[PDB]
6 protein chains.
Amino acid sequence: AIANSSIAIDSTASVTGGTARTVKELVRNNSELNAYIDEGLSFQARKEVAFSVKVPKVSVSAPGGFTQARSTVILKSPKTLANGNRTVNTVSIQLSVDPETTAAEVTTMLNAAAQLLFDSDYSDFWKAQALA
Amino acid sequence: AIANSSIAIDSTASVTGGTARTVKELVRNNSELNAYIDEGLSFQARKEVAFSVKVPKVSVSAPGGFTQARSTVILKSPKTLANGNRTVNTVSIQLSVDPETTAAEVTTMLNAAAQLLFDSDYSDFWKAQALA
Amino acid sequence: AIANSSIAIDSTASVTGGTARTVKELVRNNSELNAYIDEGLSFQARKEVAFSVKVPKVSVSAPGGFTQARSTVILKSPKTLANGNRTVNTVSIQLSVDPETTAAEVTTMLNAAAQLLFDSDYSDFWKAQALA
Amino acid sequence: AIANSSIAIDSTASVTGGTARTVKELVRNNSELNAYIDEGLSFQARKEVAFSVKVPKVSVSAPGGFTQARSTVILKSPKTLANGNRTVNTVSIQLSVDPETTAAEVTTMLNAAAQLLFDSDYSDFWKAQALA
Amino acid sequence: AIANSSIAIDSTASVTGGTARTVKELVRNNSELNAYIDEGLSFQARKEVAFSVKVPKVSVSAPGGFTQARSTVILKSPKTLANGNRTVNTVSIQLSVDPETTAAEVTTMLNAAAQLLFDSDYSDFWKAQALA
Amino acid sequence: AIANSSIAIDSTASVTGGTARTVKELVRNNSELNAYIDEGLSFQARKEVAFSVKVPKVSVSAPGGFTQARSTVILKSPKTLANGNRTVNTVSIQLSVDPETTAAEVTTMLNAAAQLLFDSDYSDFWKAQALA
């Protein structure tokens, strides 16, 4: 259903229901912030999420003088299989903007990308792996 | 920010306001879709979200037996600089689950990851690039 | 200027007027803090003061026995030029005392150094680069 | 105390109390001016301060054509240890500005850097070497 | 003494002596956290307590799946001897516990372990090394 | 948490939870004392705490005359895991302090160290290894 879909641009996103958890910080080091979501689960099945930041550096290429500012979030979800082996399902979110980018342009990018992974038109692409 | 933030697990995410754009496919093949968000803009200033897919491959030495079902989305965003040059800002979202994962465990991961895109708690992390 | 100038040793330095900004931490680790003075500016035009630290290392062939306690601060300041390029002006302050130094001696040193930053006598030296 | 601190930007700094000394100039050569603060002390315990200037030169890199203009001040504080060996405690202040920088932009930098080493919060960073 | 000493298991440990100091962190380095207790002492005579973690790593050995989660706390209390030189008196504590263990057991173990070091029975053991 | 945690120096540590068990010694071997807490558990499920002393030895090095007097306590709490096997969760404590130390400072150190392990700020550090 990635075809004539629909997405609201420059819109406010909200969340209703669910169970409010808490992101507990574990270690901040090496431009990385390791944390975990507290759902009252065991250590082997947590919801660890890692926040990392890559600050821009001066360059000669990169038309504007500096490399892009990258911000990456990886959410880890341990899954237990039928046999009993443990696997981790991950979602990575990486945002690379030029340092000249305004906060309103980043907000538009953030909100449009949020609906890209919760709008119903993309359900089969994420779950069924269906391009059309 | 990233420290004591709350995320509503297994909630419903919606959108209000904004302008409804259609998204129109440009090019296909192979296991790779290319589209663009139509908002009445020029050819160089259009959004252009891309959709990639990596099907589960039958491995041997892996949990479950197969490799993971990778599904990537990249939203591009052209921006013109103070020197007149042209660059692109991107948001890359990769979902990597095992094929044994159910749709409901995937709908939870997407909703959790979508919240760390638009939740007000993680704003200084994306725009100010402030880990804490 | 630098010739017959007067510096008030062991005085009290204060500030009047101006706008009170908060300074916000960006990134930590390791023995290196990074912050930014928040004055409602864009990401490329923010102050961004950084804090470094070198702890006293126990040497052998040194006065007192250990190496010196180094403490560095670098205030950055973005500036755009007449050709549209971006550069950074910096102020670097390094304090290097022996571990046996008392707090009042460090207070005196910091007061003298601060005086040799804002005293009207040393204005041509910083801006006009006039040695005398 | 480098966290939610406070600094006045574009403010006037003043000094009260203390004992007005005099900076007597010793040697002015090689883009350097050696001087000493006169407190009626011995030669082995003076408050020697060195002023150095590094003028910009033409370049092809350095986006604006010139290297930065640097002004350095080193204040030396002889300390006598318990055993009896003599060490020197130094404070370096290096200001590097692009030559296009206005005098108001330099004044703002100087005033912010002044409070960076006399505000009561950073007292823990300079003496205790405490990042937070 | 040690023999026939009584320990109250699963007990709340209070404390009432006053002199509420503050643990201020200094550096972080590699998966560590070096802090110090702010009591107003000298710079090289303060009590620095260091924290460290050694999060479990998935092994093939370790009958239970993988290594334990050890947490260390070293409290360094410096001392000036009569002869004149300096020495540090340290108190290290480690918590090598299997990651599957619950938080109630850890609280039980922490209380039982901390029930030593202030119980009157062990006073001579900690001070005079009176084993028997 | 660890940052800005308060510890009350020179404090009386009480305990009120009940369940007054008894430490019964088992063996002595070489300058050691292996005991166990009598809670009615099984033979290989009881908690054994081992005490050991390492009295000073007159050296030529050791700036203070001779090595420190160390006292170790290891609390071994056994645990049966879900997989079925058995493991031990241990809490070791050491007091390597210089023999010239008075008993008052040793008591201060023991109170400060035992003020950890039951303080609320360090709960997350001991349980989830939440350094930051």
# chains A, B, ... in the order shown; residues from 1 in each chain; ligands from 1
$ interface_residues --of "chain D" --to "chain E" --cutoff "12 Å" --atoms "only C-alpha atoms" --output "PDB file with N, CA and C atoms, in the first residue's frame"
ATOM      1  N   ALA D   1      29.027  21.372  38.859  1.00  0.00           N
ATOM      2  CA  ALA D   1      28.102  22.495  38.790  1.00  0.00           C
ATOM      3  C   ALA D   1      28.018  23.012  37.361  1.00  0.00           C
ATOM      4  N   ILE D   2      28.732  22.343  36.458  1.00  0.00           N
ATOM      5  CA  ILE D   2      28.575  22.575  35.029  1.00  0.00           C
ATOM      6  C   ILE D   2      27.400  21.737  34.552  1.00  0.00           C
ATOM      7  N   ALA D  82      55.918  21.880  50.364  1.00  0.00           N
ATOM      8  CA  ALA D  82      56.248  21.509  51.736  1.00  0.00           C
ATOM      9  C   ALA D  82      57.706  21.088  51.857  1.00  0.00           C
ATOM     10  N   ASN D  83      58.184  20.271  50.918  1.00  0.00           N
ATOM     11  CA  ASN D  83      59.584  19.859  50.938  1.00  0.00           C
ATOM     12  C   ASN D  83      60.509  21.051  50.720  1.00  0.00           C
ATOM     13  N   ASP D 124      33.866  24.590  41.579  1.00  0.00           N
ATOM     14  CA  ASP D 124      34.144  23.171  41.763  1.00  0.00           C
ATOM     15  C   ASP D 124      34.950  22.580  40.618  1.00  0.00           C
ATOM     16  N   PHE D 125      34.833  23.135  39.416  1.00  0.00           N
ATOM     17  CA  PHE D 125      35.586  22.627  38.280  1.00  0.00           C
ATOM     18  C   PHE D 125      37.051  23.040  38.314  1.00  0.00           C
ATOM     19  N   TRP D 126      37.351  24.253  38.774  1.00  0.00           N
ATOM     20  CA  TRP D 126      38.724  24.741  38.768  1.00  0.00           C
ATOM     21  C   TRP D 126      39.537  24.215  39.943  1.00  0.00           C
ATOM     22  N   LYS D 127      38.945  24.169  41.135  1.00  0.00           N
ATOM     23  CA  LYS D 127      39.646  23.720  42.333  1.00  0.00           C
ATOM     24  C   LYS D 127      39.532  22.213  42.529  1.00  0.00           C
ATOM     25  N   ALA D 128      38.308  21.697  42.622  1.00  0.00           N
ATOM     26  CA  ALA D 128      38.099  20.276  42.858  1.00  0.00           C
ATOM     27  C   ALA D 128      38.264  19.429  41.607  1.00  0.00           C
ATOM     28  N   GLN D 129      38.375  20.049  40.432  1.00  0.00           N
ATOM     29  CA  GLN D 129      38.501  19.333  39.163  1.00  0.00           C
ATOM     30  C   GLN D 129      37.283  18.440  38.922  1.00  0.00           C
ATOM     31  N   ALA D 130      36.112  18.968  39.271  1.00  0.00           N
ATOM     32  CA  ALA D 130      34.857  18.226  39.278  1.00  0.00           C
ATOM     33  C   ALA D 130      34.010  18.634  38.082  1.00  0.00           C
ATOM     34  N   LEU D 131      33.818  17.705  37.147  1.00  0.00           N
ATOM     35  CA  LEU D 131      33.043  17.982  35.944  1.00  0.00           C
ATOM     36  C   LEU D 131      31.561  18.160  36.245  1.00  0.00           C
ATOM     37  N   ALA D 132      31.050  17.474  37.258  1.00  0.00           N
ATOM     38  CA  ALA D 132      29.662  17.674  37.657  1.00  0.00           C
ATOM     39  C   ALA D 132      29.526  17.726  39.172  1.00  0.00           C
TER      40      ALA D 132
END
$ calpha_fit_and_write --fixed "chain A" --moving "chain D" --output "PDB file with C-alpha atoms, in the first residue's frame"
ATOM      1  CA  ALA D   1       0.090  -0.017   0.172  1.00  0.00           C
ATOM      2  CA  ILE D   2       3.055   2.176  -0.708  1.00  0.00           C
ATOM      3  CA  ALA D   3       1.394   3.718  -3.753  1.00  0.00           C
ATOM      4  CA  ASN D   4      -1.381   6.255  -3.348  1.00  0.00           C
ATOM      5  CA  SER D   5      -0.955   6.410   0.439  1.00  0.00           C
ATOM      6  CA  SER D   6      -1.473   9.490   2.609  1.00  0.00           C
ATOM      7  CA  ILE D   7       0.742  11.306   5.110  1.00  0.00           C
ATOM      8  CA  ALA D   8       0.100  14.525   7.030  1.00  0.00           C
ATOM      9  CA  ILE D   9       3.002  16.962   6.695  1.00  0.00           C
ATOM     10  CA  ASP D  10       3.733  19.512   9.439  1.00  0.00           C
ATOM     11  CA  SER D  11       1.318  17.910  11.900  1.00  0.00           C
ATOM     12  CA  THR D  12       1.275  17.098  15.607  1.00  0.00           C
ATOM     13  CA  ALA D  13       1.386  13.453  16.687  1.00  0.00           C
ATOM     14  CA  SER D  14      -0.181  12.084  19.857  1.00  0.00           C
ATOM     15  CA  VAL D  15      -0.435   8.808  21.760  1.00  0.00           C
ATOM     16  CA  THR D  16      -3.442   7.371  23.601  1.00  0.00           C
ATOM     17  CA  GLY D  17      -3.720   4.343  25.852  1.00  0.00           C
ATOM     18  CA  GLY D  18      -0.886   1.917  26.449  1.00  0.00           C
ATOM     19  CA  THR D  19       1.134   1.646  29.652  1.00  0.00           C
ATOM     20  CA  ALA D  20       3.514   4.502  30.486  1.00  0.00           C
ATOM     21  CA  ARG D  21       6.935   2.970  31.142  1.00  0.00           C
ATOM     22  CA  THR D  22      10.176   4.724  32.128  1.00  0.00           C
ATOM     23  CA  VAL D  23      13.543   4.862  30.350  1.00  0.00           C
ATOM     24  CA  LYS D  24      16.150   4.163  33.019  1.00  0.00           C
ATOM     25  CA  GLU D  25      19.645   5.284  32.047  1.00  0.00           C
ATOM     26  CA  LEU D  26      22.397   2.700  32.417  1.00  0.00           C
ATOM     27  CA  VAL D  27      25.690   3.962  30.923  1.00  0.00           C
ATOM     28  CA  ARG D  28      26.527   7.349  29.396  1.00  0.00           C
ATOM     29  CA  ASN D  29      29.946   7.240  27.731  1.00  0.00           C
ATOM     30  CA  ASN D  30      31.743   7.663  24.406  1.00  0.00           C
ATOM     31  CA  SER D  31      29.015   9.797  22.782  1.00  0.00           C
ATOM     32  CA  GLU D  32      26.619   6.959  23.652  1.00  0.00           C
ATOM     33  CA  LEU D  33      23.820   6.578  26.215  1.00  0.00           C
ATOM     34  CA  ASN D  34      22.659   3.047  26.962  1.00  0.00           C
ATOM     35  CA  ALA D  35      19.307   2.797  28.719  1.00  0.00           C
ATOM     36  CA  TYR D  36      16.487   0.313  29.198  1.00  0.00           C
ATOM     37  CA  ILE D  37      12.703   0.502  29.253  1.00  0.00           C
ATOM     38  CA  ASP D  38      11.380  -0.642  32.634  1.00  0.00           C
ATOM     39  CA  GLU D  39       8.416  -2.996  32.223  1.00  0.00           C
ATOM     40  CA  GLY D  40       9.154  -5.212  35.230  1.00  0.00           C
ATOM     41  CA  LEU D  41      10.751  -7.897  33.073  1.00  0.00           C
ATOM     42  CA  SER D  42      13.833 -10.075  33.490  1.00  0.00           C
ATOM     43  CA  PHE D  43      17.311  -8.947  32.459  1.00  0.00           C
ATOM     44  CA  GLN D  44      17.311 -11.362  29.497  1.00  0.00           C
ATOM     45  CA  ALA D  45      14.131  -9.761  28.159  1.00  0.00           C
ATOM     46  CA  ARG D  46      14.512  -5.995  28.591  1.00  0.00           C
ATOM     47  CA  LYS D  47      13.831  -3.209  26.033  1.00  0.00           C
ATOM     48  CA  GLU D  48      17.336  -1.734  25.859  1.00  0.00           C
ATOM     49  CA  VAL D  49      17.581   1.467  23.809  1.00  0.00           C
ATOM     50  CA  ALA D  50      20.846   3.136  22.786  1.00  0.00           C
ATOM     51  CA  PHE D  51      21.148   6.838  21.916  1.00  0.00           C
ATOM     52  CA  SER D  52      24.214   7.887  19.934  1.00  0.00           C
ATOM     53  CA  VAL D  53      25.340  11.279  18.660  1.00  0.00           C
ATOM     54  CA  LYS D  54      27.882  12.073  15.932  1.00  0.00           C
ATOM     55  CA  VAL D  55      28.741  15.797  15.919  1.00  0.00           C
ATOM     56  CA  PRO D  56      29.768  17.619  12.714  1.00  0.00           C
ATOM     57  CA  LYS D  57      33.427  18.233  11.919  1.00  0.00           C
ATOM     58  CA  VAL D  58      35.053  20.757   9.590  1.00  0.00           C
ATOM     59  CA  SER D  59      35.586  19.606   6.001  1.00  0.00           C
ATOM     60  CA  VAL D  60      36.513  20.913   2.564  1.00  0.00           C
ATOM     61  CA  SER D  61      33.981  18.790   0.646  1.00  0.00           C
ATOM     62  CA  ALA D  62      30.431  18.433   2.006  1.00  0.00           C
ATOM     63  CA  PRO D  63      29.013  21.492   0.279  1.00  0.00           C
ATOM     64  CA  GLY D  64      28.731  23.766   3.278  1.00  0.00           C
ATOM     65  CA  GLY D  65      31.965  22.863   4.987  1.00  0.00           C
ATOM     66  CA  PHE D  66      30.816  20.340   7.574  1.00  0.00           C
ATOM     67  CA  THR D  67      29.829  16.714   7.684  1.00  0.00           C
ATOM     68  CA  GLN D  68      26.253  16.056   8.725  1.00  0.00           C
ATOM     69  CA  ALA D  69      25.160  15.817  12.355  1.00  0.00           C
ATOM     70  CA  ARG D  70      23.873  12.301  13.031  1.00  0.00           C
ATOM     71  CA  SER D  71      21.557  11.139  15.821  1.00  0.00           C
ATOM     72  CA  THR D  72      20.933   7.400  16.089  1.00  0.00           C
ATOM     73  CA  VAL D  73      18.487   5.478  18.254  1.00  0.00           C
ATOM     74  CA  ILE D  74      18.517   1.680  18.391  1.00  0.00           C
ATOM     75  CA  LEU D  75      15.689  -0.085  20.228  1.00  0.00           C
ATOM     76  CA  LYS D  76      16.344  -3.740  21.029  1.00  0.00           C
ATOM     77  CA  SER D  77      13.564  -6.266  21.638  1.00  0.00           C
ATOM     78  CA  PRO D  78      14.631  -9.705  22.916  1.00  0.00           C
ATOM     79  CA  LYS D  79      12.455 -12.476  21.506  1.00  0.00           C
ATOM     80  CA  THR D  80      12.483 -16.114  22.615  1.00  0.00           C
ATOM     81  CA  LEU D  81      12.001 -18.604  19.799  1.00  0.00           C
ATOM     82  CA  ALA D  82      10.114 -21.899  19.703  1.00  0.00           C
ATOM     83  CA  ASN D  83      13.275 -23.980  20.111  1.00  0.00           C
ATOM     84  CA  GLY D  84      14.392 -21.716  22.942  1.00  0.00           C
ATOM     85  CA  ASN D  85      17.236 -19.695  21.477  1.00  0.00           C
ATOM     86  CA  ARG D  86      17.223 -15.963  22.173  1.00  0.00           C
ATOM     87  CA  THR D  87      17.271 -13.432  19.342  1.00  0.00           C
ATOM     88  CA  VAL D  88      17.108  -9.632  19.414  1.00  0.00           C
ATOM     89  CA  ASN D  89      14.746  -7.643  17.174  1.00  0.00           C
ATOM     90  CA  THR D  90      16.026  -4.118  16.568  1.00  0.00           C
ATOM     91  CA  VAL D  91      14.710  -0.852  15.175  1.00  0.00           C
ATOM     92  CA  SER D  92      17.296   1.723  14.130  1.00  0.00           C
ATOM     93  CA  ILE D  93      16.419   5.394  13.619  1.00  0.00           C
ATOM     94  CA  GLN D  94      19.215   7.498  12.116  1.00  0.00           C
ATOM     95  CA  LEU D  95      18.702  11.214  11.441  1.00  0.00           C
ATOM     96  CA  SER D  96      21.428  13.010   9.472  1.00  0.00           C
ATOM     97  CA  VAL D  97      21.011  16.764   9.002  1.00  0.00           C
ATOM     98  CA  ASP D  98      23.273  19.461   7.672  1.00  0.00           C
ATOM     99  CA  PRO D  99      24.116  21.843  10.540  1.00  0.00           C
ATOM    100  CA  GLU D 100      22.418  24.740   8.714  1.00  0.00           C
ATOM    101  CA  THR D 101      19.066  22.949   9.088  1.00  0.00           C
ATOM    102  CA  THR D 102      16.482  24.818  11.144  1.00  0.00           C
ATOM    103  CA  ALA D 103      14.518  23.253  13.984  1.00  0.00           C
ATOM    104  CA  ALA D 104      11.245  23.442  12.044  1.00  0.00           C
ATOM    105  CA  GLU D 105      12.798  21.502   9.159  1.00  0.00           C
ATOM    106  CA  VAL D 106      13.946  18.831  11.620  1.00  0.00           C
ATOM    107  CA  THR D 107      10.500  18.754  13.246  1.00  0.00           C
ATOM    108  CA  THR D 108       8.838  18.200   9.863  1.00  0.00           C
ATOM    109  CA  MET D 109      11.251  15.364   9.071  1.00  0.00           C
ATOM    110  CA  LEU D 110      10.687  13.736  12.462  1.00  0.00           C
ATOM    111  CA  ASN D 111       6.907  13.956  12.194  1.00  0.00           C
ATOM    112  CA  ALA D 112       6.818  12.543   8.656  1.00  0.00           C
ATOM    113  CA  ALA D 113       9.143   9.701   9.658  1.00  0.00           C
ATOM    114  CA  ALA D 114       6.907   8.950  12.652  1.00  0.00           C
ATOM    115  CA  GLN D 115       3.881   8.330  10.434  1.00  0.00           C
ATOM    116  CA  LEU D 116       6.164   6.422   8.058  1.00  0.00           C
ATOM    117  CA  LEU D 117       6.285   3.627  10.663  1.00  0.00           C
ATOM    118  CA  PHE D 118       2.842   3.822  12.269  1.00  0.00           C
ATOM    119  CA  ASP D 119       0.375   4.694   9.474  1.00  0.00           C
ATOM    120  CA  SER D 120      -1.951   1.806   8.703  1.00  0.00           C
ATOM    121  CA  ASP D 121      -0.885   1.401   5.062  1.00  0.00           C
ATOM    122  CA  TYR D 122       2.812   0.768   5.691  1.00  0.00           C
ATOM    123  CA  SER D 123       1.647  -1.946   8.072  1.00  0.00           C
ATOM    124  CA  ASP D 124       1.919  -4.285   5.096  1.00  0.00           C
ATOM    125  CA  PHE D 125       5.471  -3.106   4.390  1.00  0.00           C
ATOM    126  CA  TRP D 126       6.799  -3.561   7.937  1.00  0.00           C
ATOM    127  CA  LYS D 127       5.110  -6.867   8.842  1.00  0.00           C
ATOM    128  CA  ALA D 128       4.417  -8.619   5.528  1.00  0.00           C
ATOM    129  CA  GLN D 129       7.502  -7.071   3.858  1.00  0.00           C
ATOM    130  CA  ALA D 130       5.196  -6.132   0.975  1.00  0.00           C
ATOM    131  CA  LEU D 131       6.384  -3.341  -1.321  1.00  0.00           C
ATOM    132  CA  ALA D 132       2.955  -3.033  -2.937  1.00  0.00           C
TER     133      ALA D 132
END
$ select_by_dssp --residues "chain A" --states "helix (DSSP H, G or I)" --output "ChimeraX atom specification"
/A:103-115,120-126
$ write_last_selection --atoms "N, CA, C and O atoms" --output "PDB file, in the first residue's frame"
ATOM      1  N   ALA A 103      15.309  24.150  13.161  1.00  0.00           N
ATOM      2  CA  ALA A 103      14.588  23.211  14.011  1.00  0.00           C
ATOM      3  C   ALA A 103      13.199  22.916  13.468  1.00  0.00           C
ATOM      4  O   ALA A 103      12.625  21.868  13.780  1.00  0.00           O
ATOM      5  N   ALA A 104      12.644  23.820  12.658  1.00  0.00           N
ATOM      6  CA  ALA A 104      11.352  23.558  12.036  1.00  0.00           C
ATOM      7  C   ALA A 104      11.470  22.550  10.902  1.00  0.00           C
ATOM      8  O   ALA A 104      10.532  21.787  10.656  1.00  0.00           O
ATOM      9  N   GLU A 105      12.604  22.538  10.197  1.00  0.00           N
ATOM     10  CA  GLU A 105      12.820  21.532   9.164  1.00  0.00           C
ATOM     11  C   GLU A 105      13.087  20.160   9.767  1.00  0.00           C
ATOM     12  O   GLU A 105      12.713  19.142   9.176  1.00  0.00           O
ATOM     13  N   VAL A 106      13.739  20.109  10.928  1.00  0.00           N
ATOM     14  CA  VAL A 106      13.953  18.835  11.605  1.00  0.00           C
ATOM     15  C   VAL A 106      12.644  18.301  12.172  1.00  0.00           C
ATOM     16  O   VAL A 106      12.380  17.096  12.121  1.00  0.00           O
ATOM     17  N   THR A 107      11.807  19.186  12.717  1.00  0.00           N
ATOM     18  CA  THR A 107      10.514  18.760  13.243  1.00  0.00           C
ATOM     19  C   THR A 107       9.645  18.156  12.147  1.00  0.00           C
ATOM     20  O   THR A 107       8.986  17.133  12.361  1.00  0.00           O
ATOM     21  N   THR A 108       9.629  18.779  10.967  1.00  0.00           N
ATOM     22  CA  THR A 108       8.879  18.226   9.844  1.00  0.00           C
ATOM     23  C   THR A 108       9.408  16.849   9.467  1.00  0.00           C
ATOM     24  O   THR A 108       8.634  15.920   9.213  1.00  0.00           O
ATOM     25  N   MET A 109      10.732  16.702   9.431  1.00  0.00           N
ATOM     26  CA  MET A 109      11.341  15.418   9.106  1.00  0.00           C
ATOM     27  C   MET A 109      10.990  14.367  10.150  1.00  0.00           C
ATOM     28  O   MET A 109      10.703  13.214   9.817  1.00  0.00           O
ATOM     29  N   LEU A 110      11.023  14.751  11.427  1.00  0.00           N
ATOM     30  CA  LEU A 110      10.726  13.809  12.500  1.00  0.00           C
ATOM     31  C   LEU A 110       9.275  13.351  12.455  1.00  0.00           C
ATOM     32  O   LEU A 110       8.981  12.170  12.666  1.00  0.00           O
ATOM     33  N   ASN A 111       8.351  14.276  12.195  1.00  0.00           N
ATOM     34  CA  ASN A 111       6.937  13.928  12.237  1.00  0.00           C
ATOM     35  C   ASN A 111       6.523  13.109  11.026  1.00  0.00           C
ATOM     36  O   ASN A 111       5.734  12.170  11.159  1.00  0.00           O
ATOM     37  N   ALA A 112       7.042  13.440   9.844  1.00  0.00           N
ATOM     38  CA  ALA A 112       6.731  12.663   8.652  1.00  0.00           C
ATOM     39  C   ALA A 112       7.293  11.253   8.748  1.00  0.00           C
ATOM     40  O   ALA A 112       6.680  10.302   8.255  1.00  0.00           O
ATOM     41  N   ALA A 113       8.458  11.100   9.379  1.00  0.00           N
ATOM     42  CA  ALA A 113       9.043   9.775   9.536  1.00  0.00           C
ATOM     43  C   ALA A 113       8.312   8.955  10.589  1.00  0.00           C
ATOM     44  O   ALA A 113       8.341   7.722  10.536  1.00  0.00           O
ATOM     45  N   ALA A 114       7.667   9.612  11.556  1.00  0.00           N
ATOM     46  CA  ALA A 114       6.926   8.885  12.580  1.00  0.00           C
ATOM     47  C   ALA A 114       5.719   8.177  11.980  1.00  0.00           C
ATOM     48  O   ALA A 114       5.464   7.003  12.266  1.00  0.00           O
ATOM     49  N   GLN A 115       4.961   8.879  11.136  1.00  0.00           N
ATOM     50  CA  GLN A 115       3.841   8.259  10.442  1.00  0.00           C
ATOM     51  C   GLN A 115       4.289   7.214   9.433  1.00  0.00           C
ATOM     52  O   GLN A 115       3.483   6.362   9.052  1.00  0.00           O
ATOM     53  N   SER A 120      -1.347   3.086   8.800  1.00  0.00           N
ATOM     54  CA  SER A 120      -1.818   1.749   8.453  1.00  0.00           C
ATOM     55  C   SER A 120      -1.396   1.345   7.044  1.00  0.00           C
ATOM     56  O   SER A 120      -1.256   0.152   6.752  1.00  0.00           O
ATOM     57  N   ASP A 121      -1.185   2.319   6.157  1.00  0.00           N
ATOM     58  CA  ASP A 121      -0.802   2.023   4.780  1.00  0.00           C
ATOM     59  C   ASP A 121       0.550   1.325   4.702  1.00  0.00           C
ATOM     60  O   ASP A 121       0.868   0.688   3.694  1.00  0.00           O
ATOM     61  N   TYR A 122       1.358   1.440   5.750  1.00  0.00           N
ATOM     62  CA  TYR A 122       2.685   0.844   5.726  1.00  0.00           C
ATOM     63  C   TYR A 122       2.755  -0.396   6.606  1.00  0.00           C
ATOM     64  O   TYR A 122       3.839  -0.934   6.842  1.00  0.00           O
ATOM     65  N   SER A 123       1.598  -0.864   7.082  1.00  0.00           N
ATOM     66  CA  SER A 123       1.575  -2.035   7.951  1.00  0.00           C
ATOM     67  C   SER A 123       2.121  -3.272   7.252  1.00  0.00           C
ATOM     68  O   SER A 123       2.897  -4.027   7.847  1.00  0.00           O
ATOM     69  N   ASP A 124       1.733  -3.496   5.996  1.00  0.00           N
ATOM     70  CA  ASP A 124       2.182  -4.680   5.278  1.00  0.00           C
ATOM     71  C   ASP A 124       3.636  -4.587   4.851  1.00  0.00           C
ATOM     72  O   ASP A 124       4.285  -5.622   4.685  1.00  0.00           O
ATOM     73  N   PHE A 125       4.160  -3.384   4.645  1.00  0.00           N
ATOM     74  CA  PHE A 125       5.581  -3.251   4.371  1.00  0.00           C
ATOM     75  C   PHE A 125       6.437  -3.620   5.573  1.00  0.00           C
ATOM     76  O   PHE A 125       7.472  -4.276   5.411  1.00  0.00           O
ATOM     77  N   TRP A 126       6.035  -3.211   6.774  1.00  0.00           N
ATOM     78  CA  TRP A 126       6.801  -3.523   7.974  1.00  0.00           C
ATOM     79  C   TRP A 126       6.608  -4.963   8.429  1.00  0.00           C
ATOM     80  O   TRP A 126       7.574  -5.619   8.829  1.00  0.00           O
TER      81      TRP A 126
END
$ select_by_dssp --residues "stretch 7-73 of chain D" --states "strand (DSSP E)" --output "NGL selection string"
:D and (7-9 or 12-16 or 19-20 or 22-29 or 32-38 or 49-54 or 69-73)
